[PDB]
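Order of the sequence lines sets the chain letters (A, B, ...), proteins ahead of strands, with each chain counted from 1. In each ligand, atom 1 is the first atom listed, and ligand 1 is the first ligand listed. In what follows, every heavy atom counts, from backbone to side chain, and hydrogens, waters and symmetry copies are set aside.
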Amino acid sequence: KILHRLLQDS
Amino acid sequence: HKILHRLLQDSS
Amino acid sequence: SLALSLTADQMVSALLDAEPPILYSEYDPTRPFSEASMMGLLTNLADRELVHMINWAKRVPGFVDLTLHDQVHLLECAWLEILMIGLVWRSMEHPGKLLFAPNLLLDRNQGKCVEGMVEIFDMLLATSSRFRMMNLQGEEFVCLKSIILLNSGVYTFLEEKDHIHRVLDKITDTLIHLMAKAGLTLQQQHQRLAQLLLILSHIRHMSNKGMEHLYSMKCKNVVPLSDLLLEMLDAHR
Amino acid sequence: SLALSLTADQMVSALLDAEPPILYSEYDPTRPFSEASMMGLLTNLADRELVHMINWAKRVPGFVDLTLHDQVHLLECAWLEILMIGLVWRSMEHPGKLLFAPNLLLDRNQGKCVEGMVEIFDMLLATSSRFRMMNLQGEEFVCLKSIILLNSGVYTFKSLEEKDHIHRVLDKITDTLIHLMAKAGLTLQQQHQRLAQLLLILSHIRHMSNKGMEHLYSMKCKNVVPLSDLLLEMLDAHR
Ligand SMILES: COC[C@H]1C[C@]2(C)[C@@H](O)CC[C@H]2[C@@H]2CCc3cc(O)ccc3[C@@H]12
Ligand SMILES: COC[C@H]1C[C@]2(C)[C@@H](O)CC[C@H]2[C@@H]2CCc3cc(O)ccc3[C@@H]12
């Protein structure tokens, strides 16, 4: 979940 | 007395 | 398909420019090490490094073309390998020491503070000695780190698979170009390409051992891990 | 300096002639599997295979030049990697199946017969599909298997000339893989790309060995299978 979010944020 | 040791010395 | 259009020199430039910064640990010299506190330091560092890694990965040619699910899987697979190859690279000019951070340079005897860790430090140190022996170059280092990202999780996934392999092939062209321009002979070029990729076998092994160790430390409540680390770890089980 | 003087064709020649035999399983095909029986078949097979692996290794050019201690270390590090690449290779022409022996060809659903095993089967099957996709050749396979032997434990090594000799032998095998590719008519670029593709397989092989060793170990502890003294020793080397 968290990795998935971080990959969109940058 | 590792088996490997002995197998290596006895290899064919 | 813009990764596929890059020249070798443009590949290198993109990768060098994508390089994450070298971060500091929270090492406090006012207190002595314990197993818990050293594991706290290393994992706190890794957690901060991970954020910079996700941003680096997005700058690796071709990676952005993959689905979110594909990007998650590759990073979940290779993250510790990527942390490790950086460490070995950072430690190159410090024989007998592992430069986790500029304020955290540890020898094997300091590794002994954490149960089971010294065996892993020995492997990382041996691998850094290989790097030094080979005179590994920064441009070569960035190619290898990117190949790890794209390769480690690639078979554990159909047209995006073909796309990954195209990019991987372009990194190979790039490695050879670097060697040719550095004046290696044709024979030296293929012999070195092989030597460099055999490194990745060792980096994989060290990662697998490291993951088992970290999981051990989690399961005996030695250190609390960030939610991100808990999730990255849980991917391997 | 016997192994440094071999030509590419003589290297392939020696590796081809050193190949171990393909062993059969002691499996009777009228009896269903259980977790215990399947682990028994796989490890019994592997134990017999290890004895032939030792004769093979001693025939890998340059290997007999190393000290007994070093030989032991390399085989202890690489043994399951070596069993696995053999497995993957002989399953190449059987999509979706792992050919452990000619009378023991197992599907992914049969991996589910042992706890935690289907995940390993899936990795092995994906590697085999890669071999098939690359059209991996027999001469390339024996090269790759020899590289695993010599490489996997090479940095865990005062006689520093041992490491250097072994690195020369590795370079010869690279030259041998390249020779095979040039002979098949690949352009330079294609040779280099293929060499890299084949070597990246070894990262995946190493991964599968480490997982396989964790699994075998879990199976040992909960006593699902009794292992030979050789196997217990080969397993003890990794922890
Ligand atoms: C996620 O923490 C990474 C740490 C902690 C370990 C995984 C220990 O459990 C065993 C090996 C340790 C890692 C070695 C590689 C490494 C590299 C970094 O850049 C930061 C931390 C770490 C270690
Ligand atoms: C030593 O036994 C090897 C056996 C059993 C395993 C290690 C299981 O515990 C998990 C992975 C299994 C091996 C996969 C590769 C392999 C190859 C052979 O040629 C014979 C047996 C085996 C499996």
Side-chain angles (χ1 to χ4, degrees), chain C residues 20 22-23 25 38-50 52-53 79-91 98-101 104 106 111 114-121 123-124 203 206-207 209-218 222-223 225-226 228-230 232-233, chain D residues 20 22-23 25 38-50 53 79-91 98-101 104 106 111 114-121 123-124 208-209 211-220 224-225 227-228 230-232 234-235:
Chain C
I22 292 177
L23 305 185
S25 81
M38 181 171 289
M39 281 302 302
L41 287 180
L42 298 171
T43 57
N44 182 278
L45 179 63
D47 173 77
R48 282 179 290 115
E49 292 189 273
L50 270 169
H52 291 269
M53 179 186 308
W79 71 270
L80 187 48
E81 283 187 84
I82 300 169
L83 289 180
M84 280 176 173
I85 199 176
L87 170 64
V88 172
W89 169 254
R90 290 199 295 278
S91 307
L98 287 180
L99 190 156
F100 286 90
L104 201 56
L106 302 171
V114 180
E115 193 193 12
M117 198 160 70
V118 76
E119 287 75 20
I120 295 115
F121 272 33
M123 293 190 291
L124 293 156
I203 294 287
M206 290 189 301
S207 181
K209 311 315 286 196
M211 208 70 79
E212 297 171 32
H213 180 273
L214 184 57
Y215 188 73
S216 168
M217 297 300 275
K218 210 260 284 92
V222 173
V223 285
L225 304 177
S226 80
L228 178 61
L229 255 24
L230 259 14
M232 294 304 265
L233 186 51
Chain D
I22 288 102
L23 302 185
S25 179
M38 188 174 273
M39 277 302 298
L41 300 173
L42 295 185
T43 62
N44 180 278
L45 172 57
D47 169 87
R48 284 180 293 119
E49 284 187 281
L50 275 161
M53 182 189 305
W79 73 273
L80 187 56
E81 282 193 83
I82 292 160
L83 288 177
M84 283 181 165
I85 197 185
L87 173 60
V88 164
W89 166 250
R90 56 186 188 264
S91 308
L98 300 170
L99 196 149
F100 283 97
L104 193 61
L106 299 178
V114 175
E115 196 206 11
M117 167 92 88
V118 80
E119 284 77 18
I120 302 167
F121 270 35
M123 289 183 309
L124 290 162
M208 292 191 296
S209 170
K211 268 41 190 53
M213 206 75 74
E214 300 169 31
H215 183 268
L216 188 58
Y217 186 69
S218 168
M219 294 294 103
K220 173 218 166 176
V224 313
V225 138
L227 303 167
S228 66
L230 179 50
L231 251 33
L232 296 169
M234 297 310 283
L235 178 60

Item to check | Amino acids in close contact with ligand 1, where any non-hydrogen atom sits under 4.0 angstrom away | outcome: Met39(C), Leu42(C), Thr43(C), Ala46(C), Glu49(C), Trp79(C), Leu83(C), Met84(C), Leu87(C), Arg90(C), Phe100(C), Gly210(C), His213(C), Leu214(C)

Next on the checklist: So for atom CD, which belongs to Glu115(C), do other residues, nucleotides or ligands contribute more than 12 heavy atoms lying within a distance under 6.0 Å?
Outcome noted: no

Checklist entry - When rounded to the nearest 0.5 angstrom, what distance separates CG in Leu99(C) from CG in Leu106(C)? => result 9.0 Å

Checklist entry - Any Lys/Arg nitrogen of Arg90(D) or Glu49(D) sitting under 4.0 Å from an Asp/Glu carboxylate oxygen of the other? => result yes

Checklist entry - Under a 4.0 Å N-O cut-off, is there an ion pair linking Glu81(D) with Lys211(D)? => result no

Next on the checklist: Please give me the minimum heavy-atom distance between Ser91(D) and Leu87(D), naming the atom from each residue.
Outcome noted: OG-O, 2.8 Å

Item to check | Side-chain touch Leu214(C)/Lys218(C), heavy atoms, less than 4.5 angstrom | outcome: no

